[PDB]
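First comes the structure, then the notes that go with it.
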Amino acid sequence: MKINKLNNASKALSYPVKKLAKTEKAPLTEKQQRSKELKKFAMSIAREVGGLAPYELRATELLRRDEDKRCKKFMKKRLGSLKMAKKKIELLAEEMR
Amino acid sequence: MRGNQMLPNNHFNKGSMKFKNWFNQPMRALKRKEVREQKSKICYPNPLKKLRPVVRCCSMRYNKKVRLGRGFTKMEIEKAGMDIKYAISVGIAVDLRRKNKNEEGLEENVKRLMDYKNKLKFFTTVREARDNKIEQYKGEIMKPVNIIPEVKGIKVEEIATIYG
Amino acid sequence: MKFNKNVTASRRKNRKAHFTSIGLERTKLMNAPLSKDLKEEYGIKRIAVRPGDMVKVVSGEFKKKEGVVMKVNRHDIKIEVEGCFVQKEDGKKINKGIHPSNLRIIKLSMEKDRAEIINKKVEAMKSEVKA
Amino acid sequence: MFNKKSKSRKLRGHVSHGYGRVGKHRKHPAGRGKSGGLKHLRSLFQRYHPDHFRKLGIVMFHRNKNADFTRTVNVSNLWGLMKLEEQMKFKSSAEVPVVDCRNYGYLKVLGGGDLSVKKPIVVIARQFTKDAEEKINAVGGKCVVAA
RNA sequence: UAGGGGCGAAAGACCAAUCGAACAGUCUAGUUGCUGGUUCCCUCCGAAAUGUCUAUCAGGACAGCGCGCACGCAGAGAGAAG
RNA sequence: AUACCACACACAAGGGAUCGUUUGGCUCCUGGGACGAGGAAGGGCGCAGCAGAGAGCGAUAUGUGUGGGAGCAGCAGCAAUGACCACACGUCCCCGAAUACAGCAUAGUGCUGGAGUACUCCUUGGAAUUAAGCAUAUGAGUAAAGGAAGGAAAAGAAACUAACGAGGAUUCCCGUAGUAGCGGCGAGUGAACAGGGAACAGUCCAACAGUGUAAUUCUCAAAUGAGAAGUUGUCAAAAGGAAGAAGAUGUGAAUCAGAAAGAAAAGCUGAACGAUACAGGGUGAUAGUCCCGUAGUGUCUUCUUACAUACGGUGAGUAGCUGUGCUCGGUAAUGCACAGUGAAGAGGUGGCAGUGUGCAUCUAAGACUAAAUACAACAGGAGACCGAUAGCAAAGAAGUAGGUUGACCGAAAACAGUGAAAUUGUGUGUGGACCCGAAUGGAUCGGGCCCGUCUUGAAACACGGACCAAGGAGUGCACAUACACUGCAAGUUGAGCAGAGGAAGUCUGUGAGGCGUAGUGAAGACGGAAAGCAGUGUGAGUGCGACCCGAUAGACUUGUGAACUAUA
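Taken in order, these protein sequences are the chains called LII, LL0, LY0 and LAA.
Position 82 (the first sequence) corresponds to 82 in PDB author numbering; numbering is contiguous.
Position 80 (the second sequence) corresponds to 80 in PDB author numbering; numbering is contiguous.
Position 128 (the third sequence) corresponds to 128 in PDB author numbering; numbering is contiguous.
Position 115 (the fourth sequence) corresponds to 115 in PDB author numbering; numbering is contiguous.
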């Protein structure tokens, strides 16, 4: 059997290359900026025209009573992900302020 | 079951199993030969195969061996002074998915491009090549070899300073 | 040796092709050699035997005989020659048929289209002979 | 021998084909495959295959062979990797050979036996045993670890 | 009105000489620890119907007794004398 | 035993074995992959000078044109004013999707329906069987039943692998591997990346179209007008070519004679001649030169293929979550669904559940794509295949004669050859069931129960066997194994695939992988004996129909039946 002869320490070694730095892409052109602005604008109009959904109302009500941990549990069960819940709570909080 | 054997494990239980024979092997070989030949006439002066880069193999087991890859990157082509549309016209393969992460790997693939450019010859029409009696190249172009090297010797004073 | 792979060398296939022949291919079966003189009078070396032509029998029972062709049986490949016959118990006489290749032509029947048939064959030769 | 007649051809004319008159030759008198092993075939298993009925060891749901594959050489064989014509040069010559085990597909060096020629050598590999290191240093050689 | 369905003044009766679950065709060469059969000559060697475990008792496997190839070799299915 | 019964031999009967022969079958390879409302596939009925079946053809039931050219198989008649054949065209009765119909689109014309389905895609979904019982599991996502398309079909340009010093669409071959794992952890099941090759190719829509004028598509007119679609958004450019391949068809060398003998010479004997042609077939026995071809050479006809504009980073009842059912090697969820619930613009993944945080790699919920790969009908070429109880069921008017109420089921028969055995008559001999040993001029003497088979034991009042011929049962592949034989040896090898070559053979490369070169532990970790690899065969184990024949049963169908009998 030609397997499992080296230790983990010696398997971790590596050859000394010379690396190339990554080309950063930070510049964003004028036309790309206007494009992003118009999309964010459109998102405002929808919220203005049609308002909040039932679970969003129930959520925001709990935030007024400082029921932070109840709101957390509630949102987790509605959206599934604990990450989506943490994000949606932060967006709702900012809307109320 | 009787006596001493390695315990059986032969998988022939399934009644829907198909068998594949290979009686066609010599004939299909002859067809592949005849297709290449006729394809070679359609583009007579030009090689049938394109030029390909040299890359390094994958795991810890094959690190020390070099191999042909799919295509040159936009950076390799540009560094050797060409443009992508021209490279295609001259029979160089292109792969825009590949990335460059080393100095060494880049330098070697630039050499291949410059070597190939130098060995080419250009013609106005097919008849000109025909009249000059040009013989078209067959097989892969500039393939790697990966031989075993040879044992170098070193003087006892060097041993302290370089370590092979 | 044969180097063309589209032509068969099977005994079974060659035999079926013979016996099931029709049309012009059937006519090719009735060919005979011409005598040495006629091969100077005309360009041709061999022709299909027809009624009224004059033939020497060169093999079999009736060897050395000469006579006029009476009939040509295409289905059972045989020719009937004047004066080649057998007598039954009754005294009645039946013409016995001879296979084309055992004959040789001595004089040609030139009735009908024969002169045009000969011309057509001579031209077909020269067309390629002179090239 | 390259060819021999079979047994079946001698059994023509003899009634039972060598299976017995009382015992006969039936279809499956003992069961199919390797079944029965805890029951009527327990004596075969306990004699020839005692470690069959068990579960054992640590589990990884996916393994990669290329990441773990290795091959081993002993110190007594190091000089043997070189060609015989090459061996016979370095034996007399004033120079020191530089042998890289990676080039022959070896990655680990073991301490078996004594070195073929008692003069210095440089050995390149990924791992050495403690015995191997001591033996190479004994002759004034050097061990170089490399990837 | 048609097959795990019909129809029955009820006998498990009848449903194309078939009914305590029809016919045709296919899966399918279904399975069988059980019965029957198993095809030329001469030469040489030659058994067992016992033990252990088995949903085991008309079956298996392991060991014991045959044969083939045989590295090698002071032994013996008998007596004496303590 | 005059005449009965038995045996031997000769002749005549009776049957169709054996040997000789074959315009048929089977297998592998290559091409082809061509139907229908312009009425198909399949069914029926008519048509000849004498004509039942089969073949061919439609009330034009042998018509027209082109290329050829000699007879029409029997009898009577026809034929250079064209017998007969080959290529195309014209004509083409009734039933059948069967339609004067149904559904559906356009400004309008229209399109679909039925047939076929070996191979490919989408659904639905068993049981026998194995586990020596059986219920999870296996057989198997197989059989069966439905929908759909093409000469191939499907797939296809990363919400991809990997942790290397990394690679880079899909499909196919060698391989990782009978491994990691799944499993009454039982029986049994079971993938992926790498490394070596064949073939290679990338692009479109939405997000996002000239506003100093819809610049766009269609119809009729006209030589410049009317009208329809469309602002719920139309409109984003090139001709062009010689190559390549497959068929059809023309031509095409060179011999005569003889004794004996035979129905017949091509045999045998002597003398010649051809060869870039001695592949094969036919001729009254075994032919290079008698006939058709073959090697070599000409012509012609079809088919295939090729240059232009404008752009990015937000595609929702979706991804995901909870419950549930099926599925996969996928294991505290691999994929697919249904109900509740339901995002963010930034999200998805890194084979073990959760929370946090850097790092690497990608961009789902819209579309298209060649080549390398698979396999019926029909056509062509080959074979260490079968030779009329064989080979396809079928070498002749074979899916026929014939049969089921129905679905469905289904034979025999070669040559006017040879002419065995069982069995029969006549003649001549020898015996009274017959075999073995030994003999006479002649009466006979001695020994023997009926074979095969299970069985402690068969001549048995145990079973099978009236007689003869022909057929009739340890085979093939995969995986480990011990032995015999062969080459090389710390190594070894016909992987696939490329190069050469009038070629399914052979020769040569490139080049993986596997096993071996030393073991110990679950593992972290450590390390210190023992010739192998690949073949040619034999004995033997396991899985597949598995030495040959044989159940009562179980399941599945968009298959059939109330002509007998039950009841309204």
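Ideal placement from N, C-alpha and C gives every residue a C-beta, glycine not left out.
Out of the options, which one is the CA nearest neighbour of residue i?
| i | options | result |
| --- | --- | --- |
| residue 69 (chain LY0) | 92 (chain LY0), 44 (chain LY0), 96 (chain LY0) | 96 (chain LY0) |
| residue 121 (chain LY0) | 63 (chain LY0), 48 (chain LY0), 60 (chain LY0) | 48 (chain LY0) |
| residue 118 (chain LY0) | 34 (chain LY0), 9 (chain LY0), 14 (chain LY0), 20 (chain LY0) | 34 (chain LY0) |
| residue 145 (chain LAA) | 4 (chain LII), 29 (chain LII), 94 (chain LII), 12 (chain LII) | 12 (chain LII) |
| residue 9 (chain LL0) | 6 (chain LAA), 32 (chain LAA), 85 (chain LAA) | 32 (chain LAA) |
| residue 89 (chain LAA) | 130 (chain LL0), 115 (chain LL0), 152 (chain LL0) | 152 (chain LL0) |
| residue 160 (chain LL0) | 122 (chain LAA), 54 (chain LAA), 135 (chain LAA), 130 (chain LAA) | 122 (chain LAA) |
| residue 81 (chain LY0) | 130 (chain LY0), 104 (chain LY0), 90 (chain LY0) | 104 (chain LY0) |
| residue 121 (chain LL0) | 150 (chain LL0), 149 (chain LL0), 134 (chain LL0), 84 (chain LL0) | 134 (chain LL0) |
| residue 74 (chain LY0) | 13 (chain LY0), 9 (chain LY0), 130 (chain LY0), 20 (chain LY0) | 20 (chain LY0) |
| residue 66 (chain LII) | 89 (chain LII), 29 (chain LII), 33 (chain LII), 54 (chain LII) | 89 (chain LII) |
| residue 116 (chain LL0) | 92 (chain LL0), 132 (chain LL0), 23 (chain LL0) | 92 (chain LL0) |
| residue 135 (chain LAA) | 50 (chain LAA), 68 (chain LAA), 78 (chain LAA) | 78 (chain LAA) |
| residue 27 (chain LAA) | 74 (chain LL0), 1 (chain LL0), 156 (chain LL0) | 1 (chain LL0) |
| residue 34 (chain LAA) | 3 (chain LL0), 32 (chain LL0), 56 (chain LL0), 52 (chain LL0) | 3 (chain LL0) |
| residue 110 (chain LY0) | 57 (chain LY0), 42 (chain LY0), 30 (chain LY0) | 42 (chain LY0) |
Which residues bound the alpha helix (DSSP H) around residue i?
| i | result |
| --- | --- |
| residue 78 (chain LII) | 68-79 |
| residue 19 (chain LY0) | 11-19 |
| residue 109 (chain LL0) | 103-118 |
| residue 28 (chain LY0) | Unbroken run through residue 28 (chain LY0): none, as it is neither H nor E. |
| residue 130 (chain LAA) | 130-138 |
| residue 85 (chain LY0) | Where residue 85 (chain LY0) is concerned, there is no enclosing alpha helix (DSSP H), although the beta strand (DSSP E) it sits in stretches over 85-87. |
| residue 49 (chain LII) | 30-50 |
| residue 88 (chain LII) | 82-96 |
| residue 60 (chain LII) | 54-64 |
| residue 87 (chain LL0) | 84-89 |
| residue 129 (chain LY0) | 114-129 |
Grab me the residues of residue i's own chain with a C-beta within less than 7 Å of its C-beta, minus the 5 sequence neighbours each way, in chain order.
| i | result |
| --- | --- |
| residue 146 (chain LL0) | 65, 66 |
Which of helix, strand or coil does DSSP assign to residue i?
| i | result |
| --- | --- |
| residue 124 (chain LAA) | strand |
| residue 153 (chain LL0) | strand |
| residue 100 (chain LAA) | strand |
| residue 136 (chain LL0) | coil |
| residue 68 (chain LY0) | strand |
| residue 147 (chain LL0) | coil |
| residue 125 (chain LL0) | coil |
| residue 83 (chain LAA) | coil |
| residue 80 (chain LY0) | strand |
| residue 73 (chain LAA) | strand |
| residue 78 (chain LAA) | helix |
| residue 47 (chain LY0) | strand |
Could you name the residues of the same chain whose beta carbon sits closer than 6 Å to that of residue i, not counting the 5 residues immediately before and after it, in chain order?
| i | result |
| --- | --- |
| residue 17 (chain LAA) | 11 |
| residue 17 (chain LY0) | none |
Spatial neighbours of residue i within its chain, please: CB distance less than 8 Å, with the 5 preceding and 5 following residues excluded, ordered by chain position.
| i | result |
| --- | --- |
| residue 88 (chain LY0) | 94 |
| residue 162 (chain LL0) | 154 |
What residue range is occupied by the uninterrupted beta strand (DSSP E) comprising residue i?
| i | result |
| --- | --- |
| residue 145 (chain LAA) | 142-145 |
| residue 104 (chain LY0) | 103-107 |
| residue 55 (chain LL0) | 54-56 |
| residue 5 (chain LII) | Where residue 5 (chain LII) is concerned, there is no enclosing beta strand (DSSP E), given that its DSSP letter is neither H nor E. |
| residue 57 (chain LY0) | 54-57 |
ask   = Of the residues that make up the region 65-83 of chain LAA, which ones have a beta carbon closer than 9 Å to any beta carbon in chain LII?
value = 65, 67, 68, 69, 70, 71, 72
Contact residues within the region 16-32 of chain LII, judged by C-beta distance below 8 Å to chain LL0 = 17, 18, 19, 20
ask   = If you measure beta-carbon to beta-carbon, which residues of the region 89-101 of chain LL0 are closer than 8 Å to chain LII?
value = 100, 101
query = Going along the region 64-77 of chain LL0 in order, which residues come within less than 8 Å of chain LII, judged by CB to CB distance?
reply = none
ask   = Looking at chain LAA, which residues of the region 46-62 of chain LL0 have a Cβ within less than 8 Å of any of its Cβ atoms?
value = 58, 59, 60, 61, 62
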